[PDB]
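The structure under discussion appears below in the form of structure tokens.
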Amino acid sequence: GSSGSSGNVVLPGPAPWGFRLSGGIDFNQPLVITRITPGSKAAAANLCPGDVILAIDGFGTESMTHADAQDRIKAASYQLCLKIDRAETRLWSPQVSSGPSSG
């Protein structure tokens with residue numbers, strides 16, 4: 001896009017999905033994928049272990065810790081809308097797909 005690198009990802013549900021999670025706002029680390037199901041709704045959705053979960057089911061993870069993600073992902077809808085930052089070089093990146101949203 002233009003505004004930013006908003007990587008939309010809508011996996012077919014309900015759960016399970018096939019993707020894992022790692023880190024958390026509480027552990028001072030971004031919620032990334034630990035592993036992706038080879039040949040399934042997970043991988044078939046262009047999922048890969050390393051992406052940054054900016055928002056879960058259309059809900060930013062500003063105040064959602066790892067433990068919360070488990071209760072926010074399972075209670076998702078027929079389809080999980082995970083917004084990735086699509087920043088492979090997310091090692092020393094000074095910025096990152098913002099993707100704001102009024103309330």
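Just remember, in the structure tokens the first chain shown is A, the second B, etc., residues are 1-based per chain, and ligands are 1-based in the order shown.
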Discussion item. Give me, as an NGL selection string, all polymer residues having an atom no more than 6 Å from segment 64-80 of chain A, counting only C-alpha atoms and skipping those fewer than 6 positions away in the same chain.
Written reply: :A and (10-14 or 24-26 or 57)
Worksheet item: If you count only C-alpha atoms, which residues fall within 6 Å of segment 30-40 of chain A, apart from same-chain ones fewer than 2 positions away, as a PyMOL selection string?
Response: chain A and resi 18-24+42-44+48-53
Discussion item. Please determine, counting only C-alpha atoms, which residue among A:7, A:29, A:45, A:60 has the shortest atom-to-atom distance to residue 84 of chain A.
Written reply: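 Nearest to residue 84 of chain A: A:7.
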Fill in: Distance in Å - atom CA of residue 82 of chain A versus atom CA of residue 6 of chain A
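Atom-to-atom, atom CA of residue 82 of chain A to atom CA of residue 6 of chain A, that is 10.2 Å.
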Practice prompt. Return as a ChimeraX atom specification the full set of residues in segment 42-100 of chain A whose backbone-based DSSP assignment is helix (DSSP H, G or I).
Written response: /A:43-45,66-73
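Atom pair atom CA of residue 92 of chain A / atom CA of residue 28 of chain A: separated by 15.1 Å.
Residues of segment 10-102 of chain A assigned to strand (DSSP E or B) by DSSP on this structure's backbone: residues 10, 11, 12, 19, 22, 23, 24, 29, 30, 31, 32, 36, 52, 53, 54, 55, 56, 59, 60, 79, 80, 81, 83 and 84 of chain A.
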For the residues in the current selection, export C-alpha atoms as a PDB file, in the first residue's frame.
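Just written: part-v7.pdb:
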ATOM      1  CA  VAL A  10      -7.796 -13.824   7.189  1.00  0.00           C
ATOM      2  CA  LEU A  11      -7.579 -17.498   8.146  1.00  0.00           C
ATOM      3  CA  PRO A  12     -10.641 -19.761   7.759  1.00  0.00           C
ATOM      4  CA  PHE A  19      -0.426 -21.064  13.502  1.00  0.00           C
ATOM      5  CA  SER A  22       5.636 -16.350  20.548  1.00  0.00           C
ATOM      6  CA  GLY A  23       6.537 -13.378  22.723  1.00  0.00           C
ATOM      7  CA  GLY A  24       4.097 -10.812  24.063  1.00  0.00           C
ATOM      8  CA  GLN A  29       8.546  -8.933  22.797  1.00  0.00           C
ATOM      9  CA  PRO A  30       6.271  -8.814  19.722  1.00  0.00           C
ATOM     10  CA  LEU A  31       3.712 -11.581  19.209  1.00  0.00           C
ATOM     11  CA  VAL A  32       5.220 -13.587  16.350  1.00  0.00           C
ATOM     12  CA  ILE A  36       3.091 -22.802  10.605  1.00  0.00           C
ATOM     13  CA  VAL A  52       4.712  -9.697  13.793  1.00  0.00           C
ATOM     14  CA  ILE A  53       1.124  -9.796  15.046  1.00  0.00           C
ATOM     15  CA  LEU A  54       0.206  -6.106  15.011  1.00  0.00           C
ATOM     16  CA  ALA A  55      -3.458  -6.793  15.766  1.00  0.00           C
ATOM     17  CA  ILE A  56      -5.565  -9.878  16.476  1.00  0.00           C
ATOM     18  CA  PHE A  59      -7.846  -5.739  17.503  1.00  0.00           C
ATOM     19  CA  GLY A  60      -4.395  -4.298  18.130  1.00  0.00           C
ATOM     20  CA  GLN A  79     -12.360 -16.136  10.551  1.00  0.00           C
ATOM     21  CA  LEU A  80      -9.276 -14.769  12.308  1.00  0.00           C
ATOM     22  CA  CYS A  81      -8.044 -11.442  10.933  1.00  0.00           C
ATOM     23  CA  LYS A  83      -2.618  -7.974  10.754  1.00  0.00           C
ATOM     24  CA  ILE A  84       1.080  -8.639  10.169  1.00  0.00           C
TER      25      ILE A  84
END
Worksheet entry | Near-residue 2 of chain A list (12 Å; only C-alpha atoms; drop same-chain fewer than 4 positions) as a ChimeraX atom specification | /A:6,97-99
Written file, previous selection with N, CA and C atoms, as a PDB file, in the first residue's frame:
ATOM      1  N   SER A   6       0.569  -2.799   5.616  1.00  0.00           N
ATOM      2  CA  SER A   6      -0.494  -3.510   6.319  1.00  0.00           C
ATOM      3  C   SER A   6      -0.751  -4.871   5.679  1.00  0.00           C
ATOM      4  N   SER A  97       4.878  -0.955  10.390  1.00  0.00           N
ATOM      5  CA  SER A  97       3.506  -0.719   9.956  1.00  0.00           C
ATOM      6  C   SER A  97       2.636  -0.268  11.125  1.00  0.00           C
ATOM      7  N   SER A  98       2.281   1.012  11.131  1.00  0.00           N
ATOM      8  CA  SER A  98       1.453   1.570  12.193  1.00  0.00           C
ATOM      9  C   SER A  98       0.044   0.987  12.149  1.00  0.00           C
ATOM     10  N   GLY A  99      -0.693   1.317  11.093  1.00  0.00           N
ATOM     11  CA  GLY A  99      -2.048   0.819  10.949  1.00  0.00           C
ATOM     12  C   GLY A  99      -2.963   1.296  12.059  1.00  0.00           C
TER      13      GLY A  99
END
